[PDB]
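For clarity, chains are labelled A, B, C, D, E, F, G, H and I in written order, and residue numbers in each chain start from 1.
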Amino acid sequence: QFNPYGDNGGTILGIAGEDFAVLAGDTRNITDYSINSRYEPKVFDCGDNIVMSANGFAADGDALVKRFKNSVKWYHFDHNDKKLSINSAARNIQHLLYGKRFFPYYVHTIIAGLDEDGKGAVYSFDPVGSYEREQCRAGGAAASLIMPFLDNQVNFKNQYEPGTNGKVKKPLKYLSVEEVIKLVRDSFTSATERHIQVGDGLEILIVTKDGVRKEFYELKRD
Amino acid sequence: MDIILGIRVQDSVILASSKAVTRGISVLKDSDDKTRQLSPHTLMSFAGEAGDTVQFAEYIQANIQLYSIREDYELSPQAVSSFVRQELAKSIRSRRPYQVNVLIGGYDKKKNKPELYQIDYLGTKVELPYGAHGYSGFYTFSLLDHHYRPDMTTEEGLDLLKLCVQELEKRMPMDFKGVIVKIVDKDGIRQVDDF
Amino acid sequence: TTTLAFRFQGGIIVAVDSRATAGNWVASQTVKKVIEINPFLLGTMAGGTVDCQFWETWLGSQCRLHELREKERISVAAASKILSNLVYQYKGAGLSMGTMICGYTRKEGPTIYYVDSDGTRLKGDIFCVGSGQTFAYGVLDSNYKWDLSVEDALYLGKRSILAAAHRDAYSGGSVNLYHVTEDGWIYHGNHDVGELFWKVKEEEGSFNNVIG
Amino acid sequence: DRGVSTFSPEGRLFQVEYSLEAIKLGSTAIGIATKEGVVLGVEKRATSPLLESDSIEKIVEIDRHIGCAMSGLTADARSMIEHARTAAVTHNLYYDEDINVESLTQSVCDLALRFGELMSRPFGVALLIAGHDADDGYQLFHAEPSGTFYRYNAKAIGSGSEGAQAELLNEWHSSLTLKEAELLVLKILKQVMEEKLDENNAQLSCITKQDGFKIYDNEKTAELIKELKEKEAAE
Amino acid sequence: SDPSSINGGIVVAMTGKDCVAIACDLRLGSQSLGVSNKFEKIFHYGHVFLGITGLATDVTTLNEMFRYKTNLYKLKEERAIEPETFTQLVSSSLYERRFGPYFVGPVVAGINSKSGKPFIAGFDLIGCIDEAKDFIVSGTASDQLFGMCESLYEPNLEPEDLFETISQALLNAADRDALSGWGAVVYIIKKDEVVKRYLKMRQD
Amino acid sequence: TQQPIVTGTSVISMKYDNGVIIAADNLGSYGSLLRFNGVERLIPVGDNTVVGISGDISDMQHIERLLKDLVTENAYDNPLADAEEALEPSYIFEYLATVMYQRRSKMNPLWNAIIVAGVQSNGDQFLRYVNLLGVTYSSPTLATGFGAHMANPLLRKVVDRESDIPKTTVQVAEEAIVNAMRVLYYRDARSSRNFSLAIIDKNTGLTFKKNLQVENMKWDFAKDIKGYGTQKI
Amino acid sequence: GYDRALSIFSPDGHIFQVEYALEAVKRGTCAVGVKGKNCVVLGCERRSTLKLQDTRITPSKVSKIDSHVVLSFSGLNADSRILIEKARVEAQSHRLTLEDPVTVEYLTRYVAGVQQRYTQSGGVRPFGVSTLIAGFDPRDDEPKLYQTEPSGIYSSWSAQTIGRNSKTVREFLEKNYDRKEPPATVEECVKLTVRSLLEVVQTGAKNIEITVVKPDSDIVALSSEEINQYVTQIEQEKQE
Amino acid sequence: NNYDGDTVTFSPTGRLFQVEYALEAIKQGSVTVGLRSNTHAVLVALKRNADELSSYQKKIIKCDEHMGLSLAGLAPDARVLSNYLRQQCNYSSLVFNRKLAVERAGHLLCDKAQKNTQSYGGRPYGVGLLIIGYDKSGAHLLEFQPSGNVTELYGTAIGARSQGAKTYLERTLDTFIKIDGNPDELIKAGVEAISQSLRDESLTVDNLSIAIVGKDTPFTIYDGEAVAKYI
Amino acid sequence: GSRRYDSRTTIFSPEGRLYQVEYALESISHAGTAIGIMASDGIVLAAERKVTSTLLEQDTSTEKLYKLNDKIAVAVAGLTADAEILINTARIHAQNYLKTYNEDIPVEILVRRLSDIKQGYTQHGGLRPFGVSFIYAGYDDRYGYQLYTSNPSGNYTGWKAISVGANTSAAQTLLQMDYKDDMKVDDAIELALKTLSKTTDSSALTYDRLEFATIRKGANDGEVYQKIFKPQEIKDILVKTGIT
């Protein structure tokens, strides 16, 4: 029997800052126990200061990203070059995904950017289009290895202030872009060690009011 | 849904229908009326798959009400039952059939006779003195066979119906949360609020 | 999931949990299971999916078109039936949905409709939907009265979600409260279950089995 | 006979040009755009005193941020309004935002030329579409049955249009207040109307960022008419 | 599960000297549950008689259908349909549902009004005609009816003798079938009179 | 949904400093039967692209005709069909990739794994993969089927990353490819000795080599191997 | 299919087919609608050119759309049946989906919408029918009276007439109907409706039909003798 | 006369009057100019207003990052054709990862307009278009007529009084073609060309509309104070 | 294109009339006269065949009186072929209703259905209307004996006695003169034949130029019988009433 789906592995990570956002993802592409490419870009700049990644089955991922980019283009034509806000992009993506509700895009989609008040934003989608704005979201193969670490080190979960002994929580202080990138890199380094489908390279896209910037880092190739 | 009974006596038709609505593991409601008034002197109780039951019942209701307005005339219970059977007979060979069993209790104002029709989801119609759907008949028919008389009063019909419900409450595993009883006669349709 | 909604003197209380799981994996602790259809109507999300999100925001579009055409607030009966008629068209296709359409109008008063992906549409006073519904039902049934205060009713809904969040493995995270009045719904905050549990345990003397 | 989508020797579509004549026969509708809001006003023109004038609905809501006034064969507008309302609501469903007034107007105007041998003839009604969005602020558009739409600072359509437009030419400036615009619509309506203007045979409405689109009460309009009379008697 | 044996029931038809006989039981059931003891399976359109066994909703549907068709036939032809012609109509009607059939076992019986010749015929659910001289059987106790008819039957029976044969064939067959019985009807058909007799039988 | 009948095995390829090399054996298998020995599975499109195809041969022949048709169509009303508006590898690939994914989405796939190798207008090396699922990826070395498991490891020792491409000459790259083809002949039970090799260089253009053979094979050591454990004779 | 554009604009901006449909309405028998304080009355003319008619079975001029709304008309009779049928179906469809019967305004808006659609659809001519739609909204005691016409425009009326010599009876109603104080009772409303028809009808025998609609689905048609009593009382007061 | 009732009818002299009447609608439309060099291609359009309260009708439409047109005639028809171009430009990019050639874009517009002239029921398009673009063979300028005739040119003008601008460009041919690597000077030549078609009215800030595309320049439209520089 | 040759069958005249309906009615006025008379104990249908021949096979012929079901019959005036198209549609509707409700179709419901079909041809489709007027004679258990008529417009009305076809003005005056409410079938038979005898364009009314039918409760007990008269039976009733 023909199986139209596949698993190209990979892992992605979106983190929303106070006035910035990052969307990171490893550059390894795989099938089963074989490596297809050590550098196959997964996170894309879609214009209008939005970055997107559709992780899972690469064919559906590429199709969705292509269709969303196309949606941004036609939004400009139809509405007098109006900038597509991140919240509007998110709703538009829901409809793209739910459009194939009964033959889904087999991907866990994440977009990142800035909201209309200039604050950092990350949106997270399941394969059939259920979505939510979030502060922190890892997706893909090593998502289960990364999220608990982020709950602890970003939201300071289970951490309390010494001396009080469980009475006072650690205060939720804001993280700088340099501080976030450290957590992103350590998440992927750790994920590379313990997950076979994660490695080769890490590509991070950082979104600010100034625009989209890229950063690449080597990962273990075994 | 679960249990729906019907009994035609001398001058009326009595329809009993359970109140329970179970969805999986919980009883979501214990006061559900599994019936629709098709016309002033025609009542239809129903039981079957969730959604299909009410969707069908209301669809029939709308069609009979449309006929009543167009012709300024109430269709006979027989005519209504034939219409309903055909819809179910059409339904069974559809892409997705209605999974609904019905009882149509009506009083024919022309013939001055009560009439009870039993129709299953296949479109199997039968005119009866007393009827049921599902496992209801297994428990009740032996009692009805024994006690039933065609010249029973409405009060006697209700007593025989209480005996049926008691047997169901004793021997059925499912708690159907009692029944709503309605009477159809020359004066129309009314509900027995204490049962 | 655990979602409940009940009618009372002061209108409707809607209470939901916040957890979303994919198998044993907790996907999210911050999920919104109350849809804000419009400023006067609320819907709950139990069932497993986008299906409630997608089709209840769609419902909001239909309710808006209704009151534009009819120059009148849509009834809770009409709103709920628009949804039930829609999902009934999709019956068999595999939609997964269990929701309470909650509202408060002039002609109806406070009204709750349970709508189902099987096409079921039930009016009622108390409803509980989700994997932790049985736990929520226990607290509700033993403590419910029509003459509850808005303060006590809000607490009852909160406590009933907590009861489920504790026992049901697939429920938890945090409790979202809403209070539906005739002039619209009023949000009554997000309540972390972790903090709420210890607070309730101490103040109420309950959960004596658990060591705190 | 001849094609419905035929060109005249001058290069105009016969049917579109004829539908414009039907609009000239319609009741007067006036729009005035300001930086405090856009005002829409119409002549009701009841054919008899037994016709309950409040049932004459020639001003209509499309969304909370877009209103609409009509003139001509007003029956034709019902499907246009329906499409506009659907377009506004649909866009909100797809993009979680209000739709631009121009985008709405463009969607309405796309219907216009969908006629041939689609519908059998053009629309016999013109629309004044007024609204507000965050990008271009307060806007007033004139949607014709030709498929063309112009943006206006002020515009009059209907039987008293060219007379009213000449008056709007003199009176409009970029620093008009909302109250000044309200009276200005009432002033020009009273000028071009056959019958004497009152709160029962004329209607006002406006769209502001804060309160959105609002049709004025007959009690509210009556006060503005009384305020107008006094200020015209004042000099 | 098997549509042809949910409701149950039987029909048998026989030929005699200048006469035909058709007979049926009265049972309608939901598998084990007996539901009605008045469900007659023999119908007639003019002087042509049609028995129908099998799924009850289709029995009802086909009766209504052949009434429909024979009524239009009569209006256009200005005469009642004959057994030979009707048999072909039944076959046509069944085969047009070749890949979605009515789960039935029809049996035609009657006397040709012009020739006076006794006629019987049977069909499978899909329309194949079985035109026998002696007898036709149908239903959940068809094996039993074949056994009864084969031994009891003899050609050229007089109407009042044929009644006894077809009655005893039906009764004893139905008593060996769980899904048949609950009463029985026998039609004795002559060229210009028809006698209908309800039989007394065990009610289990 | 179908099943492949007549099949072609591995297609292997790699980038080098001035272009790309691609290779594929000339066998059309029919299950375990080595049915057709004269099947060309490298199909050049113009003078700047070569499409290597593995998998179902009937579907390959269909794709072959689509490309042949693509060239014809590109020439229509195109005075620059042999110049600025000639077909690029990136155009040819994107077209195939669209078709492959559309076909999988209709649940009726072209049962193939395709590698498009070529050189662009600006001299850039083009090497990208697409298969029956519409999955695409690019890499300094690409290989289908068994090639992915055996050829890539060998080819990656030459060009392990992007920075190794300018350091790799055409002689080193061709040597690596030819060795990989030998390794596949040793170890792939659905391969043949005869193969075709294509080089697309930005300077010397398209060089298409037919009727190549695997040579310099090591078999002599087989004579010493006896039994399966304890046997001496 | 037949796609020919029959309804089209003329150089002077008129759609003649819609205007010629109004001429068919002008030819139709007179119909009148008068709303009181707690009732609406629908009067209709029956031309007495047709005797030997069977009034039991002959289509009545006033038709029930639902148990609480009625529709009378002037113009082509055959055309009216199509609008009535569509309206009756829409009334049941509304009850089925909205779980509430149609408002008189909604039902009017629907029928008017149908009429409009036929004025710009290919291969169809407009309805040669104008309607008077009357009734009471569910759980509402305010009387409702609306009018529609071939073009598709509709509006509410305190009182209105359509059909032949409707100009005359509208003249009568315009002077005899007071808005500040409408017919307070059923009697007063029926009397004014009969009076208005007597300006046009000829004989007050079987030529006048009266139907009274009251709140909460209370609709009744007056008989010949009941109407004849109004005709008698009107003329006896007139002899003065 | 008798042969202008529909587009399907040839006249006795072999003319299609409905197409010629559609051609007439262009002459009534406002003037627009097109011209190009080897590096850049420029559109200059005189926008028309209904009155002083009204806005000025937009004349220029973007089709892709590397292509767009200016219209003259029925604006709704230009919207239909421009939309069709946007789709074809987009189809090329999505399917073939290839920017649609300007010459090929013209071929598509020709064939779309043609079908409307040979079939009963329909009508010709009532608009003329000037398509500029920069593709793999440099800068391009096309002139579309609704008869179907598309023509590649160095410069041209369509609309009312367009003959004055067209004669100017015919004289300036050798000068403006050489304006390479200088967008401002190429626009100046376009603004000076369209000025030859003006009578009574002059180029104001909300009157003028300019668009440009080139080697390292995406198709970008300039309106309002952005064109005050060139007045 | 094709528009040039279109008659436009479904349009209004400036006066607000449907040209084709009016011309179809003119067509029907030249058809043989058909009369229906309703009595307390039955209905009579009488109709005149148009200028027949001596070689016409009358006993097998049917141009005027048709049977829709056991309870309802029609008299035709106009194009026979057009009528037969509609008659078969009516016969099917009666059977559909019987199949659905298991009750014989009420007369008015059948009449409305046919009339609605005729109406459709006047409002849409661009086809010519049916050049047919019917007289419906029927019985049901709601209204009892009923007479109706429909015309090409799709408009239908109820009657006690009515004529269609030729000389309806003269025929309707004669019926209005001699009709009474307490009348019986045997009296109505006589009136119908007397009316045709006076309105006919022929020199004398004979059996070969007539079709005749009666719907009677004169059937054994509570039921209704349709009687399509045979040529010999029409000849007898002509002698009985004293016309020949």
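In this text, a residue touches a chain if its C-beta (ideal position, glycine included) is under 8 Å from a C-beta of that chain, and two chains touch if they have at least 3 such contacts.
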| item | value |
| --- | --- |
| Centroid comparison with chain G (C-alpha atoms), farthest chain | F |
| Pair of chains joined by more contacts [C-beta pairs], A-D or A-F | A-F |
| Gap in Å, rounded to a whole number, between the CA centres of chain F and chain D | 67 |
| Distance between chain centroids, defined by C-alpha means - chain C, chain H (Å) | 58 |
| Approximate Å spacing (C-alpha centroids) for the pair chain B, chain G | 41 |
| Where chain D and chain I are represented by their mean Cα positions, the distance between them in whole Å | 56 |
| Touching two or more other chains - residue numbers and ranges from chain F | none |
| Residue list for chain G, restricted to those that touch at least two other chains | 4, 6 |
| In the complex, chain C residues that touch chain B | 84, 88, 91-92, 114, 116, 118-122, 124, 127-128, 133-134, 137 |
| Residues of chain E defined as touching chain B within the complex | 7, 28, 30, 33, 35-36, 38-39, 55-57, 60-61, 100 |
| Touching residues on chain G, where the partner in the complex is chain I | 2, 4, 6, 16-17, 20-27, 50-59, 76-79, 81-82, 118, 123-125, 127-128 |
| Chain G residues touching chain D - in the complex, by the definition given at the top | 3-15, 112-113, 116, 119-122, 146, 151-153, 155-160, 170, 173-174, 177 |
| Residues on chain A engaged by chain C in the complex (per definition of touch) | 94, 97-98, 101-102, 124, 126, 128-132, 134, 144 |
